[PDB]
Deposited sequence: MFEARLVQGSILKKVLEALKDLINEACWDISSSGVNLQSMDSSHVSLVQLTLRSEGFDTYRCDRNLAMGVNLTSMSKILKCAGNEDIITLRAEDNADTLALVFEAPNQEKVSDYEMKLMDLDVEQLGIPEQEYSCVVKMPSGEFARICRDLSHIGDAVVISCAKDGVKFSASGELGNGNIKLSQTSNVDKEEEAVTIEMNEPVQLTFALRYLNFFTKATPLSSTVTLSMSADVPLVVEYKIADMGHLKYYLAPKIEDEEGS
């Protein structure tokens, strides 16, 4: 059976908001170690990977591994009604959500009824403020359907083109940095230039409230990895296949 308490309930609200628009239904893989979610979108262009470690929770019990098919819109709606306790019995078709912050609200959510990316190094890795990255993707999606991302040691460029015209955004490698989190840091072994659908990047930037920082990992002819840290708990990775 599974039982976990998260005093910072807000994290779980944000995680769901970051996911529900891209993924309707997913299998939450729960173990002694923590929570795992891996799932592709219905159009098979992208894949999300969530990790929430057991140590990120206040209390946590999982006797043995169990998987729960979760409708993410339903869980979002339930989480919209929120100290959180999650509880699933053995052999059950419901997850129980018990909220707090005398008043107690109990929600019983109905449950529903293989393929993994290998681990690799990347030619070109970019760290930047997450708001800056969200803004860039939002802006450029008003010019075209796709972004060309060019990653070199001195900077990263984003370019779109469409009916109205074209646009180029250049961010330099930051230098005299005041705060760590406002830095634009690039680690380049090989330069890379690849094309990605902006519709999907704007799905990914819904994870912005989780983290002040986003990490972009690229290699030639392989999927883009967009990474958000979940402070003290884990991470959320989005993978996006190139055009």
(request) Would you list the gaps, meaning deposited-sequence stretches without C-alpha coordinates, in the order they occur? (result) 83 to 86, 106 to 108, 121 to 124, 255 to 261
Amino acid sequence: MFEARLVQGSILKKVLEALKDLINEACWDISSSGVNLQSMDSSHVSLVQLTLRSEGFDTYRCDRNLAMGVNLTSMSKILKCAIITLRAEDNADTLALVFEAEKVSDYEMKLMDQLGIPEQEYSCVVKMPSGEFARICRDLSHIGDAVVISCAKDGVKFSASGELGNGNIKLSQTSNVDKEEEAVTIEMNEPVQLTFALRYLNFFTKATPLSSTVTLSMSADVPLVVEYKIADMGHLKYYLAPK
From here on, numbers count along this sequence of modelled residues.
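The term rigid core refers to the most C-alpha atoms you can superpose between the two forms while keeping them within 1.5 Å.
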(request) Output the stretch, either 165 to 173 or 102 to 110, that has more C-alpha displacement from this form in 6 other deposited structures of this protein following superposition by the rigid core. (result) 102 to 110
(request) Between 143 to 151 and 118 to 126, report the one with more C-alpha displacement in 6 other deposited structures of this protein relative to this form after a rigid core superposition. (result) 118 to 126
(request) Indicate yes or no: is residue 179 absent from the model in at least a third of the other PDB entries of this protein that were compared? (result) yes
(request) Averaging the C-alpha B factors as listed in the entry, name the stretch that ends up higher: 115 to 123 or 164 to 172. (result) 115 to 123
(request) Pick between 208 to 216 and 185 to 193: the one whose mean CA B-factor in the entry is higher. (result) 185 to 193
(request) From the list 52, 45, 201, 62, select the residue with the highest C-alpha B factor recorded in the entry. (result) 45
(request) Kindly indicate the residue among 136, 95, 83, 156 with the greatest C-alpha B-factor in the PDB record. (result) 83
(message) What third of the chain does residue 36 rank in for C-alpha temperature factor, lowest, middle or highest?
(response) middle
(request) Consider only the C-alpha atoms of the modelled residues in this chain, order them by B-factor as the entry records it, and name the third containing residue 225: lowest, middle or highest. (result) lowest
(request) Taking the chain's C-alpha temperature factors as the reference, tell me which third residue 237 falls into: lowest, middle or highest. (result) lowest
(request) Among all modelled residues of this chain, ranked by Cα B factor, put residue 27 in the bottom, middle or top third, i.e. lowest, middle or highest. (result) highest
(message) For the chain shown, is the CA B-factor of residue 130 in the lowest, middle or highest third of its modelled residues?
(response) lowest
